[PDB]
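Novice: Next up is a structure, given as C-alpha cells.
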Amino acid sequence: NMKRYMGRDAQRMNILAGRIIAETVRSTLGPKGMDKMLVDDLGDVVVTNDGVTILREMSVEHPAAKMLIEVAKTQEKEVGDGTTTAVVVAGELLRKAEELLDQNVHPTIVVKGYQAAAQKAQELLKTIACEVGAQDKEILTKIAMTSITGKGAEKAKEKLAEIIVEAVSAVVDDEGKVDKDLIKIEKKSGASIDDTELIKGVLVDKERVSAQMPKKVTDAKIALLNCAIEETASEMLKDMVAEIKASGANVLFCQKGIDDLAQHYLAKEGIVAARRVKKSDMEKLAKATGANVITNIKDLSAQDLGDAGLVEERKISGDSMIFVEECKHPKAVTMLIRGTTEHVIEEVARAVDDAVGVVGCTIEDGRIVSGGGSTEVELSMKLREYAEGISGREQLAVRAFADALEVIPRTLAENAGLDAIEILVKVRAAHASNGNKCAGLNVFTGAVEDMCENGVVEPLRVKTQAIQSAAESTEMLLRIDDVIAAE
Amino acid sequence: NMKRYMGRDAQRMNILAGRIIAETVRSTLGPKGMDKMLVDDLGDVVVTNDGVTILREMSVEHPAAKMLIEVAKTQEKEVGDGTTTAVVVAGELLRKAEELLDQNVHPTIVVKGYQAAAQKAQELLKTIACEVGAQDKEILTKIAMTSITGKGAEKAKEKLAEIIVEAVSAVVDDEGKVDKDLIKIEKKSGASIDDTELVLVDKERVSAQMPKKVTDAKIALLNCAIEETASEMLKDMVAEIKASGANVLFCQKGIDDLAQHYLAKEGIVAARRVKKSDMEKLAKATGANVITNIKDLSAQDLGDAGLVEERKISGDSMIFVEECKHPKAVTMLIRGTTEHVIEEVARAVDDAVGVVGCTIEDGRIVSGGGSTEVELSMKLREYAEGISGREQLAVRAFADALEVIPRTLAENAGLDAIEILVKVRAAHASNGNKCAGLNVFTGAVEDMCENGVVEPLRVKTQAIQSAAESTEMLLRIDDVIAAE
Amino acid sequence: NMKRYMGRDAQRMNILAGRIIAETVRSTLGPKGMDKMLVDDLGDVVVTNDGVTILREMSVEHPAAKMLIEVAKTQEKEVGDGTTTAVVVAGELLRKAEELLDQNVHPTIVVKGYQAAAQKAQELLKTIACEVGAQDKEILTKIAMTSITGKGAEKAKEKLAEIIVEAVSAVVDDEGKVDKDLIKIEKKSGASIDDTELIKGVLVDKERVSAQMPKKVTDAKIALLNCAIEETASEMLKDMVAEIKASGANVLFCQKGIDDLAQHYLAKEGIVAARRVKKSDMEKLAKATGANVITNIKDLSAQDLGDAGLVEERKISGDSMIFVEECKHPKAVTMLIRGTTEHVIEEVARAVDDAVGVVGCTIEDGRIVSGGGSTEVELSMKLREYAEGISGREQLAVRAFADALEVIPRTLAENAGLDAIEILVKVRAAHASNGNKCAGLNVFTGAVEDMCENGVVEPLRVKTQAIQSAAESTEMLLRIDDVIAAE
Amino acid sequence: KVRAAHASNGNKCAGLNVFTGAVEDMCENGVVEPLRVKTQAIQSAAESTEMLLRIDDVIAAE
Ligand SMILES: Nc1ncnc2c1ncn2[C@@H]1O[C@H](COP(=O)(O)OP(=O)(O)OP(O)(O)=S)[C@@H](O)[C@H]1O
Ligand SMILES: Nc1ncnc2c1ncn2[C@@H]1O[C@H](COP(=O)(O)OP(=O)(O)OP(O)(O)=S)[C@@H](O)[C@H]1O
Ligand SMILES: Nc1ncnc2c1ncn2[C@@H]1O[C@H](COP(=O)(O)OP(=O)(O)OP(O)(O)=S)[C@@H](O)[C@H]1O
C-alpha cells in the first residue's frame with residue numbers, strides 16, 4: 001500500500017517525468033520561439049510564451065514533475081527572465097545522467113562530478129563576464145534593449161529603452177542596491193505604445209469631491225487619511241477640517257467616504273479632497289510622495305505628509321484623473337504604461353517588468369554576459385578541459401555536465417529553422433584557443449556573429465542562477481531510489 | 001476462517017515481509033545515501049533520509065512487517081542514531097536464516113546459535129571499544145563532528161561541533177549522568193546557520209502594566225481559569241497565587257480583565273490562552289506542575305527558569321523562557337533561513353547532543369564506516385570453530401550476516417561491493433587494524449580512528465541486540481492467524 | 001434441510017476437524033516450542049504459546065472443532081498446566097482410530113478397547129508416580145521449578161521457585177485443601193524480574209498525605225476508611241481526627257479524599273494518612289492485615305483495625321510506595337509480580353499461575369511424575385503387554401491406544417530439531433525389563449537422560465487429567481455417524 | 001586512467017596489463033606487436049565500412 005517502484009523502475013520513472021515537462025516548454029525558447037494555449041477546467045483561455053506561467057496554472061499531477069516547477073518559481077522570484085532556460089537545462093542533465101546509469105556508473109559518483117562541475121562553472125562565468133559600470137548608460141540601454149527583444153522586435157524601439165534606464169538609475173538608494181517596488185506601474189488606455197511617458201506621480205482613477213475645489217495645486221503636502229471624515233447636520237466636521245489644516249495639507253487623499261458637510265468646509269479653506277480611492281492606489285501614494293497612511297484624524301502630523309511635483313486633474317484620454325507626478329530628486333518613480341487595448345497594455349506592462357530587472361541587476365552586480373547561446377559554448381569547452389585534470393569515474397559526470405551545456409545553443413537552432421547539427425560545430429570551433437568568447441547564433445541573420453557588437457546581452461544573474469537552480473534540483477532527484485505514493 | 005498459511009508457506013511469508021521493508025531503507029545508509037519522499041492520503045509531502053521516520057508514517061499493513069517497525073522505534077527511543085543500521089541487519093539475519101531452513105536445519109538449532117553468537121558479540125565489542133575520558137574535549141568534538149556528518153558534509157563545519165560540546169559538559173549533574181531535557185531547543189528565523197549561538201511561547205503579556213524580565217523566576221502553571229463579573233472576585237485568586245510565591249504565571253485558559261489589574265498591581269506577570277502543546281513543554285523544562293485548581297496551588301508545584309524575557313525577536317514579541325549562568329540548564333538558539341531548514345538543523349543537533357552525552361556517561365566509542373563490523377565478523381567465525389554441532393552453522397550465518405553494512409556502504413558509494421569486502425577483511429587478520437574501514441570520499445581503505453569517523457558503542461550494541469531478539473522471535477512462528 | 005453427511009462422509013468429517021486444530025497447537029509444545037500470533041476482527045494483537053488461550057479467542061466455526069475446545073478449557077480449570085498436551089493426544093487418538101475404521105473394525109469395538117485401556121492407564125500411573133508428601137519443600141521447589149521451565153529456561157531461576165513454595169504452604173486451610181483465590185496477584189512496573197518479592201502484605205502505590213507525618217512505625221493498627229474525612233474553614237475535623245484517635249489507629253488508609261485541615265490535625269496526633277487509594281488496594285489491605293471496610297467515620301472501632309508487622313515508605317525502584325508487610329500467620333498472600341514492561345509483567349504473572357497450581361495440587365494429592373516425555377514411554381510399553389492378555393478385536397483398539405501415547409515424546413523431538421524416529425527407539429529400548437521408568441529426552445543436551453536427576457518433574461494430575469479428558473472426548477466423537485447442521 | 005596518461009607528452013606506450021590490473025608501460029613489460037598488425041587492421045576495416053555505408057537498396061532473389 002499503495003504505490004511503489006523498485007530501484008531501476010523508480011529512477012527511470014522520475015527522470016522521464018522531468019523530461020516530459022521539459023519538452024513542453026522547449027519550443028518556446030528563442031526569438032523564433034512558439035507560444036502555448038492553456039485551457040483549464042473553467043474554460044478560461046490564456047496564451048503565453050513565458051515558461052513559468054505555463055507550468056504553474058496547468059494540470060500537473062505527477063510527484064516528480066511537481067518538484068521541477070520549484071526551479072522556475074524561484075527563477076522568476078530571484079531574477080525574472082530566464083525561466084525557460086532553467087527548465088530545459090535540468091531536463092538535459094537528466095538525459096545525460098541516465099546514459100551513465102545504464103552503464104552502471106553509480107549515482108553518488110555522478111553527484112560527485114555534477115557538484116564539482118557546477119562549482120567550477122560559477123568561478124569560470126565570473127572571468128568571462130563583462131563589467132558595465134553601474135551608471136554606464138550606453139550599455140544599460142543595450143541591456144534594456146536586449147530584454148525587450150525576445151518578446152518582440154516591434155516592441156524593441158530605440159526610444160523605449162532610453163526611458164527605462166532613467167527610471168532605474170534614479171531609484172537607487174545610495175549605496176547602492178535597487179528596489180523594484182519603488183517603481184509604480186500604471187495600466188491605462190488611449191492610442192499609445194509610443195505615448196508611454198516617464199512619470200513622477202501615481203495616477204489615481206478619481207476626481208475632486210467638490211467642484212468648488214482647485215483643479216491644480218502647487219507643491220502639495222498630501223495627507224493620506226485612512227480614517228473617515230464623516231457626519232449628521234450640525235457642522236461636526238469643522239474640527240476635522242481644521243485638524244487637516246493644522247498639519248498644512250492642501251491635498252487630501254481619503255480611502256473612506258467624505259461627508260457632504262466636510263466637502264464645503266474643505267473647499268472654503270482651499271483644500272482639494274478625493275473620496276473612496278482604491279486601497280492599491282493608497283499604498284502607491286504613500287511610497288511615491290513619501291507619505292504616511294493615518295487611520296485617525298485627531299493625530300494627523302505634518303511630517304506624515306508626502307511631497308509631489310505636479311498634481312493636476314487632466315482629462316487625459318477622455319477620463320478626468322488626478323495626476324500626481326513630477327519630482328526633482330525622486331526615490332520613487334511611476335510608469336504610465338499605455339496602449340490601445342487592455343490586453344496589449346498588460347503585455348507592455350510585463351515587458352517592462354523584465355527590462356527593470358536586468359538594469360537593476362546590472363547596477364547591483366556590475367555584470368553582463370553574451371546571449372543567444374554564446375556563453376553556453378565558452379563555459380562548455382572550459383569545463384571539458386577542466387574534466388581532463390580530474391582522475392576517476394567522476395570525470396565522466398563532469399563530461400556529461402559539460403556536454404549538457406550545449407543544449408541551449410542547439411535548441412535555439414531547432415526553433416529557428418537552421419540545422420542544429422551544423423551550427424553546433426561552427427560556434428564550437430570559433431571558441432577554441434582565444435576568440436571569441438562572445439560568438440553566438442543570430443537567428444535572423446543565420447550565420448554565426450559576434451553578440452557583443454550585435455547588442456544581444458544578458459545579465460550574469462540570468463545564467464548563474466539558472467545553472468545553480470538546475471544543478472541543485474537534479475542532484476536531489478538523482479538521490480531517489482524508492483517512491484512512496486499513498487491514495 | 002479467515003487466513004492461514006501452513007508451515008513452509010508461513011515461514012517464507014514472514015521472512016519475505018521483513019526483507020521487503022528492509023530494502024526500502026537499504027539505500028538510505030551512508031554519507032552518499034539516498035532520500036525518500038512519502039505521499040500519504042492527505043497529499044502532505046515530506047522528504048527524509050532518517051530510517052525510523054519513514055517506517056512510522058507510511059502505509060504498512062502486513063502483520064509481519066509491523067513487528068519490525070518496533071526495532072527502529074526502540075532504537076530512536078534508546079539511542080537515536082543508527083535506526084537505519086538496526087533494520088538492515090535484521091533483514092540479512094532473515095536471508096541467512098532461510099538458507100539454513102531450506103537445508104532442513106531445524107529453527108531451534110538456528111535460534112540456539114543466533115542467541116549464543118549475539119551473547120558473544122556483546123562480549124567482544126567491549127574490547128574493540130575505545131575509552132573516551134568524559135571531558136576529553138578534542139575527542140568529544142570529533143564525536144560530535146561524526147554525528148553531524150551523515151546528515152550532511154556542508155552541515156559539518158568546525159565551529160558548530162565546538163559549540164555543542166560546551167553545552168553538554170555544562171549540564172552534567174555531578175556525578176555524573178547527562179540529562180537531555182536540560183538543554184532547551186529554540187527554533188527561530190533570520191539569515192543564520194552560522195549565527196547559531198550558545199520554552200519559546202508564542203504569546204505576550206496580558207497587561208502592558210506588567211514588567212518584562214526577572215532573575216530567578218518562579219513559574220506557576222495554571223490549567224484552571226482565573227475568571228469573573230464586576231465585584232472584585234479575583235482578589236482571592238490573585239492572592240492565592242501570591243501565597244505560593246510565583247512572579248510568573250502561565251494560564252492555559254482565559255484570564256479576566258479584573259484579575260489583570262490585580263496581578264499587575266502585585267508585580268506578577270501573566271499570559272492568557274497559551275497552547276496546550278506549549279503548556280506541556282513548560283512543565284517539563286522548568287520542572288513545574290500543571291494545576292487545575294487555584295485553591296490548591298502549592299509552592300513546590302512551581303518551575304524554575306533562569307531568564308524570562310519578552311524579546312521582539314524576528315519582529316514577533318514572544319516570551320523567552322530559558323536561561324542561566326554557571327548553568328545546569330542551557331538554551332540553544334537554533335536558527336536558519338526558512339523554517340524547514342531550521343527544523344532540520346534542530347534535528348541534526350538532537351543526534352549530536354545524544355552521542356556526546358553517551359560518551360560522558362559510558363566512556364566508550366567504536367570506529368564507524370563499517371569498520372567494527374568486519375572486526376566482529378572475523379572474531380565470531382573463529383568463535384564458531386570451537387562450537388560442535390549443527391548450531392555452528394547458525395553462528396557462521398550470524399557472522400556472515402555482519403558483513404552487510406560494509407557491503408551496503410559500497411553499494412551506495414559507487415565502488416564495487418565485492419572487491420572492497422575482501423580488501424578490508426584481509427586488513428583485519430592477525431592484529432591490525434581493528435579500526436580499518438571504508439572512506440566513501442577517498443575510495444581506498446583508510447584508518448577510521450585517524451579520519452575522525454567514530455560512533456558511540458551504544459549505537460552498535462543496541463542495534464545488534466534489538467535485531468537479534470526480533471529475528472529470534474520471528475523464526476519461532478509456524479502458523480499465522482489473521483482474521484478480518 | 002440443511003446440511004448432512006452420510007456415514008463414512010460424516011465420520012471422516014469429524015475426525016479431520018479435530019486433527020486440523022491439533023496441528024495448530026502441535027508446534028507450541030516443548031522448551032524449544034513455537035509461539036502463535038492471533039489477529040482478530042478488531043485488529044487487536046496478542047502473542048501466546050499457551051495452548052488454551054489460542055483456541056478460545058480465535059475464529060473457529062466447525063461444529064466438531066468447537067467440541068474439542070472443551071478439553072483444554074477443563075484442563076486449565078482443573079489443573080492449569082498441560083493444556084497443549086491434552087489436545088495433541090486427542091488428535092492422535094483420532095488418527096489411530098480412522099486407521100481401524102478403514103479396515104472395517106466397528107466403532108463400538110474401538111470404544112470398548114479405548115475405555116478399557118484408559119481404565120488401566122490410570123491404575124498404572126499410580127504405581128510409577130513418585131511420592132513427595134505435602135510439606136516436603138525440597139521436592140516442592142523442584143515441582144515449581146519444572147512448572148516455570150517450559151515457558152523459559154531464563155525464567156527458571158533458583159530463587160524464584162523458593163519464593164512460590166512459601167506462599168502456597170501458608171495459604172493451606174488445615175486440613176487441608178489449597179484455595180488458589182487466597183493468593184493475590186499484583187502487576188506493577190520497575191526494573192525487576194529479580195525484585196519480585198513475597199508479600200504477606202500489600203504494596204500501595206501512594207505516599208503520605210502530609211510531610212509532617214512519621215515514616216516508619218512498629219506494631220501499627222490500621223483503620224481502613226471508605227468514607228471521606230472532609231471540610232470548610234472552621235476546624236470541623238477535630239471531631240473526625242479524635243474519632244480516629246478514639247479507636248487507637250496510628251495508620252489510616254482512606255479510599256476517598258482527606259481535607260487539608262484534617263491533614264494538620266492527624267499530623268499533630270502522629271497518625272499517618274493516605275488519600276485516594278485504589279479500590280483494588282483497599283480490598284487487599286482488609287484481607288491481609290485483618291481489617292474492615294468502613295464508611296461513615298462516627299462509629300470507629302478498635303476491633304475493625306488490621307494488624308501489620310512493618311509499615312514503611314520505601315523509595316524502592318525510584319517510586320516511593322507504602323510497604324505494608326510482615327504479617328505473622330497469613331491465610332492470604334499477595335505476590336508483587338514486577339518487570340520492565342507491562343507485556344513482560346503479564347507473562348511473569350501467567351508463569352506464576354502455573355507454578356501455584358502444581359504446588360497446590362501436590363499438597364492436595366501427593367504425587368509427581370517424570371516430564372520431558374518420560375512417563376509417556378513407560379505407560380506405552382506397559383499397555384502393549386496389557387493388550388497381549390486381551391482376546392478379541394478390542395485388543396487392536398488397546399494397541400492403537402498405546403501406540404498413540406508415543407506422540408508426545410515424538411513431537412518433543414520434532415520441535416527440538418533432532419530426529420523423531422531415532423530417539424523414539426532409544427528411549428523405548430531404555431525402558432524395557434526394569435530401568436529406568438524415569439528416562440526421557442533432554443532437548444538441550446540431545447541425548448537421552450534420567451529426568452529424575454535433571455530436575456524435570458510434573459505433578460501426576462497433569463498427566464492423569466490430560467488422558468481422561470482426551471479419552472472421554474474421543475470416545476464420544478467416535479459415536480457420531482450423522483450430523484445435522486441447520487442455517 | 002589511460003586517456004589521461006597519454007595527454008601532453010608521455011607515455012605513448014601506456015597500456016592495460018590484465019594480470020596486474022593497473023595501467024603499466026607496455027614497452028618495459030615486453031608487450032609489443034608489429035606495425036602491420038595495426039595498419040592493416042585499420043585500412044581493412046575502414047575500406048569495408050566505407051563501402052557498406054554506400055548501400056541504400058538491397059536486391060535478394062530466391
Ligand atoms: N536576436 C536574438 N538573437 C539570438 N538569440 C537571442 C536574440 N534575442 C534573444 N535571444 C536569446 O534567446 C533566449 C531567450 O528566449 P526566450 O524564448 O525569451 O526564453 P527565456 O528568456 O529563457 O525565458 P522567458 O522569456 O522567461 S519565457 C536567451 O537565451 C537570449 O540570449
Ligand atoms: N566519513 C565517514 N566515512 C565512513 N563512514 C562514515 C562516515 N561518517 C559516518 N559513517 C558511518 O555511516 C553510518 C551512519 O550512516 P547514516 O546514513 O547516518 O545512518 P545511521 O546513523 O545508521 O541512522 P540515522 O542517522 O539514524 S538515519 C555509521 O555506520 C557511520 O560509522
Ligand atoms: N527441560 C525440559 N526437557 C524436556 N522436556 C521438558 C522440559 N521442560 C518441560 N518439558 C516438557 O514439555 C511439555 C510442556 O510443554 P509446553 O509447551 O509448555 O506445553 P503444555 O505444558 O503441554 O501446555 P501449556 O504450557 O499450557 S501451553 C511437558 O510435557 C514437559 O514435561
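Ordering of the C-alpha cells sets the chain letters (A, B, ...); residue numbers start at 1 within each chain; ligands are numbered from 1 in the order shown.
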If you fit chain C onto chain A using every C-alpha atom, paired in order, what RMSD in Å do you get?
Specialist: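 After least-squares fitting, the two copies differ by 2.0 Å C-alpha RMSD.
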Novice: Identify, counting only C-alpha atoms and all ligand atoms, the protein, DNA and RNA residues located within 9 Å of ligand 3, and give them as a compact mmCIF listing (two decimals) with N, CA and C atoms, in the first residue's frame.
Specialist:
```
# COMPACT_ATOMS: atom_id res chain seq x y z
N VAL C 25 -1.71 -26.31 17.32
CA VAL C 25 -1.06 -26.19 18.63
C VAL C 25 0.03 -27.25 18.85
N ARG C 26 0.36 -27.99 17.80
CA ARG C 26 1.33 -29.09 17.89
C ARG C 26 2.78 -28.61 17.93
N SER C 27 3.03 -27.43 17.37
CA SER C 27 4.37 -26.86 17.31
C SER C 27 4.73 -26.05 18.55
N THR C 28 3.74 -25.79 19.40
CA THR C 28 3.93 -24.98 20.61
C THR C 28 4.54 -25.77 21.77
N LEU C 29 4.42 -27.09 21.70
CA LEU C 29 4.85 -27.98 22.78
C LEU C 29 6.38 -28.10 22.86
N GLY C 30 6.89 -28.10 24.09
CA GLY C 30 8.32 -28.28 24.34
C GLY C 30 9.06 -27.00 24.68
N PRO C 31 10.22 -27.11 25.37
CA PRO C 31 11.07 -25.97 25.71
C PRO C 31 11.54 -25.18 24.49
N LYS C 32 11.74 -25.88 23.37
CA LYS C 32 12.02 -25.24 22.09
C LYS C 32 10.76 -25.22 21.22
N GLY C 33 9.64 -24.85 21.83
CA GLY C 33 8.35 -24.76 21.13
C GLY C 33 8.13 -23.40 20.50
N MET C 34 7.15 -23.32 19.61
CA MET C 34 6.87 -22.10 18.84
C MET C 34 5.71 -21.30 19.43
N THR C 48 0.97 -15.64 22.04
CA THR C 48 0.94 -16.61 23.13
C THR C 48 1.36 -18.03 22.70
N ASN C 49 2.04 -18.72 23.61
CA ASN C 49 2.43 -20.11 23.43
C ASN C 49 1.41 -21.05 24.08
N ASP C 50 0.76 -20.55 25.14
CA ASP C 50 -0.24 -21.30 25.90
C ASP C 50 -1.37 -21.80 25.00
N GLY C 51 -1.56 -23.12 24.99
CA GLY C 51 -2.49 -23.79 24.08
C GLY C 51 -3.96 -23.44 24.23
N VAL C 52 -4.40 -23.20 25.47
CA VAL C 52 -5.81 -22.93 25.75
C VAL C 52 -6.24 -21.51 25.35
N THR C 53 -5.32 -20.55 25.45
CA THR C 53 -5.61 -19.15 25.12
C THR C 53 -5.73 -18.91 23.62
N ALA C 72 -9.35 -28.61 26.70
CA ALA C 72 -8.35 -27.67 27.21
C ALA C 72 -8.97 -26.66 28.18
N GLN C 75 -9.06 -28.32 31.23
CA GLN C 75 -7.69 -28.62 31.64
C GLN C 75 -7.11 -27.44 32.43
N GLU C 76 -7.39 -26.23 31.97
CA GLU C 76 -6.97 -25.01 32.68
C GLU C 76 -7.82 -24.75 33.92
N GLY C 80 -4.39 -26.54 35.01
CA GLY C 80 -3.73 -25.31 34.61
C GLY C 80 -2.67 -25.55 33.55
N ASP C 81 -1.64 -26.30 33.93
CA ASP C 81 -0.55 -26.65 33.02
C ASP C 81 -0.82 -28.01 32.36
N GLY C 82 -0.52 -28.10 31.07
CA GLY C 82 -0.75 -29.31 30.29
C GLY C 82 -1.95 -29.19 29.37
N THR C 83 -2.28 -27.96 29.00
CA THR C 83 -3.40 -27.68 28.09
C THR C 83 -3.06 -28.04 26.65
N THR C 84 -1.79 -27.89 26.30
CA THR C 84 -1.29 -28.25 24.97
C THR C 84 -1.25 -29.77 24.79
N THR C 85 -0.79 -30.47 25.83
CA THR C 85 -0.65 -31.93 25.81
C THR C 85 -2.00 -32.65 25.70
N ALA C 86 -3.04 -32.07 26.30
CA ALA C 86 -4.38 -32.66 26.30
C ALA C 86 -5.05 -32.66 24.93
N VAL C 87 -4.66 -31.70 24.08
CA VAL C 87 -5.24 -31.56 22.74
C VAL C 87 -4.53 -32.45 21.72
N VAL C 88 -3.20 -32.50 21.79
CA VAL C 88 -2.37 -33.27 20.85
C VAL C 88 -2.66 -34.78 20.94
N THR C 146 9.97 -27.09 37.70
CA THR C 146 9.55 -27.80 36.48
C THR C 146 8.39 -27.07 35.78
N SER C 147 7.59 -26.35 36.56
CA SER C 147 6.46 -25.59 36.03
C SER C 147 6.90 -24.30 35.34
N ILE C 148 7.89 -23.62 35.93
CA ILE C 148 8.46 -22.40 35.34
C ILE C 148 9.23 -22.75 34.06
N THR C 149 9.95 -23.87 34.10
CA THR C 149 10.61 -24.42 32.91
C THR C 149 9.53 -24.91 31.94
N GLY C 150 9.76 -24.69 30.65
CA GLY C 150 8.75 -24.95 29.63
C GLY C 150 8.28 -23.64 29.02
N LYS C 151 8.17 -22.62 29.87
CA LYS C 151 7.87 -21.27 29.42
C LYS C 151 9.17 -20.50 29.16
N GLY C 152 10.26 -20.98 29.74
CA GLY C 152 11.58 -20.38 29.57
C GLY C 152 12.60 -20.85 30.59
N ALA C 153 13.80 -21.17 30.11
CA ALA C 153 14.91 -21.58 30.96
C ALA C 153 15.48 -20.39 31.73
N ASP C 354 0.78 -21.03 36.73
CA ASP C 354 1.04 -22.46 36.55
C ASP C 354 1.84 -23.04 37.71
N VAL C 369 5.32 -37.09 38.58
CA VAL C 369 5.83 -37.97 37.53
C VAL C 369 6.90 -37.26 36.70
N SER C 370 7.78 -38.05 36.08
CA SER C 370 8.87 -37.52 35.26
C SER C 370 8.37 -36.91 33.95
N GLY C 371 8.84 -35.70 33.66
CA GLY C 371 8.44 -34.98 32.45
C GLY C 371 9.38 -35.18 31.28
N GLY C 372 9.19 -34.39 30.23
CA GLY C 372 10.00 -34.48 29.02
C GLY C 372 9.72 -35.72 28.19
N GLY C 373 8.49 -36.21 28.26
CA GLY C 373 8.07 -37.41 27.54
C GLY C 373 8.69 -38.68 28.09
N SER C 374 8.79 -38.75 29.42
CA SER C 374 9.42 -39.89 30.09
C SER C 374 8.40 -40.94 30.53
N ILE C 408 3.66 -37.63 22.13
CA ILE C 408 4.24 -36.53 22.92
C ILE C 408 5.78 -36.55 22.89
N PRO C 409 6.42 -37.72 23.14
CA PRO C 409 7.88 -37.79 23.01
C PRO C 409 8.36 -37.60 21.57
N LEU C 412 8.11 -33.78 20.85
CA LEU C 412 9.17 -33.11 21.61
C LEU C 412 10.50 -33.09 20.86
N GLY C 440 14.05 -40.00 29.85
CA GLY C 440 13.40 -39.10 28.90
C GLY C 440 14.38 -38.30 28.05
N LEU C 441 13.83 -37.48 27.16
CA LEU C 441 14.63 -36.68 26.24
C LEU C 441 14.87 -35.26 26.78
N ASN C 442 16.14 -34.89 26.88
CA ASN C 442 16.53 -33.52 27.21
C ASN C 442 16.89 -32.78 25.93
N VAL C 443 16.06 -31.81 25.56
CA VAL C 443 16.18 -31.10 24.27
C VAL C 443 17.45 -30.26 24.14
N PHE C 444 17.99 -29.82 25.28
CA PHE C 444 19.21 -29.00 25.30
C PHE C 444 20.46 -29.86 25.15
N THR C 445 20.47 -31.01 25.82
CA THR C 445 21.60 -31.94 25.77
C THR C 445 21.60 -32.73 24.46
N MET C 451 15.45 -38.19 33.90
CA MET C 451 14.70 -36.97 34.19
C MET C 451 14.57 -36.66 35.69
N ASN C 454 17.75 -34.75 36.55
CA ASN C 454 17.80 -33.48 35.83
C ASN C 454 16.98 -32.37 36.49
N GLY C 455 15.90 -32.76 37.17
CA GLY C 455 15.01 -31.81 37.83
C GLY C 455 13.75 -31.52 37.02
N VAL C 456 13.51 -32.34 36.00
CA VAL C 456 12.33 -32.20 35.15
C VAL C 456 11.21 -33.10 35.68
N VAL C 457 10.34 -32.51 36.50
CA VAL C 457 9.25 -33.25 37.14
C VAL C 457 7.91 -32.50 37.07
N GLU C 458 6.83 -33.24 36.82
CA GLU C 458 5.50 -32.66 36.78
C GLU C 458 4.52 -33.45 37.64
N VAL C 462 -1.31 -33.53 36.10
CA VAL C 462 -1.03 -33.02 34.76
C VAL C 462 -1.17 -34.12 33.71
N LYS C 463 -0.82 -35.35 34.08
CA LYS C 463 -0.88 -36.49 33.18
C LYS C 463 -2.21 -37.26 33.25
```
Novice: Neighbours of residue 325 in chain C within 9 Å (only C-alpha atoms; same-chain residues fewer than 4 positions away dropped), as a ChimeraX atom specification?
Specialist: /C:199-203,289,308-312
Novice: Those selected residues, please, written with C-alpha atoms and delivered as an mmCIF file, in the first residue's frame.
Specialist:
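Saved the output as result.cif:
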```
data_model
loop_
_atom_site.group_PDB
_atom_site.id
_atom_site.type_symbol
_atom_site.label_atom_id
_atom_site.label_comp_id
_atom_site.auth_asym_id
_atom_site.auth_seq_id
_atom_site.Cartn_x
_atom_site.Cartn_y
_atom_site.Cartn_z
ATOM 1 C CA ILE C 199 4.327 -10.041 50.388
ATOM 2 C CA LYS C 200 2.474 -11.263 53.413
ATOM 3 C CA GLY C 201 1.480 -7.769 52.663
ATOM 4 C CA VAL C 202 0.045 -5.052 50.446
ATOM 5 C CA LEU C 203 2.105 -2.596 48.388
ATOM 6 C CA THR C 289 -3.918 -7.258 57.864
ATOM 7 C CA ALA C 308 0.656 -5.438 60.142
ATOM 8 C CA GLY C 309 4.303 -6.054 61.067
ATOM 9 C CA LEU C 310 6.159 -3.259 59.287
ATOM 10 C CA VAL C 311 4.775 -0.148 57.568
ATOM 11 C CA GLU C 312 7.446 1.853 55.725
#
```
Novice: As JSON, numbers by chain, please: all residues of chain D that backbone DSSP puts in alpha helix (DSSP H).
Specialist: {"D": [26, 27, 28, 29, 35, 36, 37, 38, 39, 40, 41, 42, 43, 44, 45, 46, 47, 48, 49, 50, 51, 52]}
Novice: Quick check: residues of chain A within 12 Å of chain D, only C-alpha atoms, returned as a PyMOL selection string.
Specialist: chain A and resi 385-396
Novice: For a quick test of understanding: name the residues of chain B lying within 6 Å of chain A when counting only C-alpha atoms, and present them as JSON, numbers by chain.
Specialist: {"B": [32, 34, 35, 38, 39, 40, 41, 59, 413, 414]}
Novice: Residues at most 10 Å from range 11-18 of chain D, counting only C-alpha atoms, excluding those fewer than 3 positions away in the same chain, as a PyMOL selection string?
Specialist: chain D and resi 1-3+5-8+21-29+31-32
Novice: Please identify the residues whose atoms come within 7 Å of ligand 2, using only C-alpha atoms and all ligand atoms, and report them as a PyMOL selection string.
Specialist: chain B and resi 28-31+33+49-51+80-85+146+149-151+367-370+438-440+453-455
Novice: Next, the residues of the selection above should be written as a short mmCIF file (atom, residue, chain, number, x, y, z; two decimals), in the first residue's frame with C-alpha atoms.
Specialist:
```
data_model
loop_
_atom_site.label_atom_id
_atom_site.label_comp_id
_atom_site.auth_asym_id
_atom_site.auth_seq_id
_atom_site.Cartn_x
_atom_site.Cartn_y
_atom_site.Cartn_z
CA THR B 28 19.47 5.50 2.72
CA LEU B 29 22.56 4.23 4.60
CA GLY B 30 25.91 6.01 4.16
CA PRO B 31 27.23 9.56 3.54
CA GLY B 33 22.93 7.62 0.81
CA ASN B 49 16.66 10.08 4.96
CA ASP B 50 16.10 9.05 8.60
CA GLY B 51 15.08 5.37 8.64
CA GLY B 80 18.66 7.96 18.39
CA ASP B 81 21.28 7.44 15.68
CA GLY B 82 21.58 4.06 13.95
CA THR B 83 17.90 3.46 13.18
CA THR B 84 18.74 2.52 9.59
CA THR B 85 21.50 0.08 10.61
CA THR B 146 30.90 12.45 13.25
CA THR B 149 28.31 14.18 9.29
CA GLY B 150 25.92 11.62 7.79
CA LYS B 151 23.15 14.20 7.57
CA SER B 367 35.12 3.10 14.69
CA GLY B 368 32.45 3.89 12.08
CA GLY B 369 32.19 3.46 8.31
CA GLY B 370 31.73 -0.31 8.57
CA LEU B 438 35.90 2.30 4.06
CA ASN B 439 36.03 6.03 3.34
CA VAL B 440 33.43 6.76 0.65
CA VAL B 453 34.89 8.72 11.91
CA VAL B 454 33.79 7.49 15.35
CA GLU B 455 30.47 6.41 16.85
#
```
Novice: Pick out the residues sitting within 12 Å of residue 316 in chain A, and hand them over as a list in words; count only C-alpha atoms, and ignore anything fewer than 2 positions along from it in its own chain.
Specialist: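 Once the nearby chain positions are removed, what remains is residues 188, 189, 190, 191, 192, 195, 203, 205, 312, 313, 314, 318, 319, 320, 321, 322, 323, 336 and 338 of chain A.
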Novice: If we count only C-alpha atoms, what is near residue 259 in chain A at a cut-off of 9 Å, once residues fewer than 3 positions away on the same chain are taken out, given as a PyMOL selection string?
Specialist: chain A and resi 228-232+237+262-263+275
Novice: Grab the CA of residue 402 in chain B to CA of residue 478 in chain B distance for me, in Å with one decimal place.
Specialist: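 Computing it gives 26.0 Å between the two atoms.
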